[PDB]
Each structure stands twice: as structure tokens, then as C-alpha cells.
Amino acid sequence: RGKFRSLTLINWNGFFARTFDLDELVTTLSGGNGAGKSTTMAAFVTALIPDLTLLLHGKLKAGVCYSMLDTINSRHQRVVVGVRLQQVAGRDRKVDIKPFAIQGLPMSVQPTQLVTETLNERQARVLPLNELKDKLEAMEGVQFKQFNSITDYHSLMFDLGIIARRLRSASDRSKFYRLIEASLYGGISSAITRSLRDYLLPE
């Protein structure tokens, strides 16, 4: 079976850089109902089903934002899957989201460091997708792909052993979305662990 490594939020309202491993994710999603829990679920659900028709603006902060799922499939391959989110001009509504996938990323690279730049004198800065791309190109063996089709994002995820079922249409996504939701709401810890286990990183 696969291994869920972490959920990483970059520049979300309340979390400039926050990584949650399995235990912390489950604990956070199961506990108190406040803004933290709610912002974390949005990030989790948005990385899994990046479909603006199924779900955001006030949950993010101005500029580049990321929500990433760091994983290891049953083949023992590390796969990072995520989305770059952006509040558009003519705000308080428009949010642009682009899904991406990274293969072959060395363990020495953590998601937060991956997507940020902290120059000696400087303060942390989030890289836009174009800079991330160039940065990963430079790394031997790393394969990066952005998607314009949610269906393509999901196809790769299925091929890479990240998601147990194939999501071919918007209907498929609605159904999956409802499944995830039924398991993420309710404050029952074991239901969360159970859904991540049976819906993600199969075989």
C-alpha cells in the first residue's frame, strides 16, 4: 500500500507555510470546528479535486499560493501532487488554479523548501509556477507536469497509484467529492484515516 506523507499549505490565509503529516492532518480535521480546520480542509480538497465547480478567495492571501499532497505510492515512488492558487485582478471572487505533479523529487527536498526561496539576506518568497518549472528542470530525474485539463491531472494520479479510482468526468468528480466530504466532516478521526486509506494510495 501507499504512504501519505503530508499536506502542505503555502500562503493560505492563516498558514504562510504549514505542513501537516498524516497524524496532524487527521487530528486537525477531526478536532475543533474553527477557521484552521476549515482552511485546511479546503486546501486538502482543492489539491485532490481542483475543480472550481465542485467547491475559496478569502481562504487565500494575495499572490502565489500552493496546496500540495506529498506521497509515496505502493511502488515506493514519491509523488507530489498539487495546485498553485491565485487571487485574480478584479478580486473578491476570482481565484485561478493550476494542477501539477512532480515525480522523482529527492527526499532532501521538502515541499515548503521546494516552492519557496529564502536568500541569505532576504525574506521567504513564494515561487510562481514558471520559476518552479525551471527549478525542477535543472534537477536530474525530476519530471514536472502542469495540467490544463483536470481529467489529465486525475489520469496521472490514477496511473501513479495516488488515487484508487479513475475520475473521467465532472460527474465522477462530484461523486468523489461527496465521498471525501462525508468522511471529512463529522469529527470522527478513524473515518478520516479510513477514507484516506481507501480512497488514496491503493494496492
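All residue numbers are counted from 1 along the displayed sequence.
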| property | result |
| --- | --- |
| Missing from the model but present in the deposited sequence, between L55 and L56 | 10 or more |
| 30 to 38 versus 142 to 150 - which carries the larger mean C-alpha B factor in the record | 30 to 38 |
| Stretch exceeding the other in mean C-alpha B-factor - 175 to 183, 188 to 196 | 175 to 183 |
| Criterion, highest CA B-factor; candidates, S108, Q77, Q113, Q123 | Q123 |
| Residue, from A89, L132, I72, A101, that the PDB entry assigns the highest Cα B-factor | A89 |
| Relative C-alpha B-factor of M68, binned into the chain's lowest, middle or highest third | lowest |
| Third of chain Cα B-factors occupied by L167 | highest |
| Assigned third (lowest, middle, highest) for the C-alpha B factor of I97 | highest |
| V83 - which third its CA temperature factor falls in, relative to the rest of the chain | lowest |
| Where the record places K3 (Cα B-factor, split into thirds across the chain) | middle |
